[PDB]
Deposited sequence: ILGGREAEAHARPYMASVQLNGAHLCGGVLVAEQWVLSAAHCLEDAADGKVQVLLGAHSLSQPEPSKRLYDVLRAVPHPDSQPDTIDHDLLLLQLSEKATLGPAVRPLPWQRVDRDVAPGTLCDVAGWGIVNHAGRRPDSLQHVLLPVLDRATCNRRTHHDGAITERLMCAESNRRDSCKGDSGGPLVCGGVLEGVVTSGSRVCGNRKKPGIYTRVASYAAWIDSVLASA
């Protein structure tokens, strides 16, 4: 997160760190007891998911790491494209739920969020252009852009004027009126430059796919 603030410990109880050989790689969103949604290129052998966390290193009563049982990228995702950039991860067991670990409802109705609406993006991605990795969760509020300024029906844009998502925030949520609307893209892009808006996959565009994966296993 660039130009943001430190999040309040555990106030975003859906927030997941998606980790690869022990280190944070991507954000994620607890959407059911045993399913975290992230982005497709968050994949590249040993994948895990930390729930209930504010600090990645420090001891917290709610922190729980989990093994991943199944990794389901969207079938139409490609390693070199930003389309269909979703990934579902089934956890090893169902998450121990509490005030600090709670699934986030996702938008099932396929209407765009109103342009100008500020939505909340949280993550452990880089906080500057030198690559600094924060210990504790960060967030920033970002105004949503109309479709034509964005320029897919399946993607949505947010302003990137200093305040922005960046490397390592990929796969984490964009939240608007307490509902998940967006998942941060996992393709490379310049951050912090108002002329290159943030890109987030509209989850409502993929209600059929998600369900069809959350039916099973």
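Numbering the deposited sequence from 1, one finds several regions with no C-alpha coordinates, namely 45-48, 156-164.
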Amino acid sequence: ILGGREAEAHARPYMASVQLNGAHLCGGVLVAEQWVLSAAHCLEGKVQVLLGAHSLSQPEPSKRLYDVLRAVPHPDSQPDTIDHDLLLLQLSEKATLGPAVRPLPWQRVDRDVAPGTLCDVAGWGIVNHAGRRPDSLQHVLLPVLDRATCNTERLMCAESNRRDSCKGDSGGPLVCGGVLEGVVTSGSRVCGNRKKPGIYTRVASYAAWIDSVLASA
From here on, numbers count along this sequence of modelled residues.
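Each form is matched to the other, and the largest set of C-alpha atoms that superpose within 1.5 Å is called the rigid core.
In summary, of the stretches 120-128 and 79-87, 79-87 shows the greater Cα distance from the shown form in 7 other deposited structures of this protein, with structures fitted on the rigid core. In a rigid core superposition of the other structures in 7 other deposited structures of this protein, 98-106 and 142-150 differ in how far their CA atoms stray, and the farther one is 142-150. With 207-215 and 1-9 compared on mean CA B-factor from the PDB entry, the stretch scoring higher is 207-215. Legend: mean Cα B-factor per stretch from the PDB entry, 72-80 versus 142-150; the higher mean is in 142-150. Highest CA B-factor among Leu174, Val47, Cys191, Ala39, as stated in the entry: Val47. Highest CA B-factor among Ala114, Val127, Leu118, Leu88, as stated in the entry: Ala114.
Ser160: CA B factor in the middle third of modelled residues in this chain (values from the PDB entry). Among the modelled residues of the chain, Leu43 sits in the highest third by CA temperature factor in this PDB entry. Sort the modelled residues of the chain by CA B factor and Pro134 lands in the middle third. Residue-level temperature factors show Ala95 in the highest third of its chain, judged at the C-alpha atom. When the CA B factors of the chain's modelled residues are split into thirds, the value for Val18 lands in the middle one.
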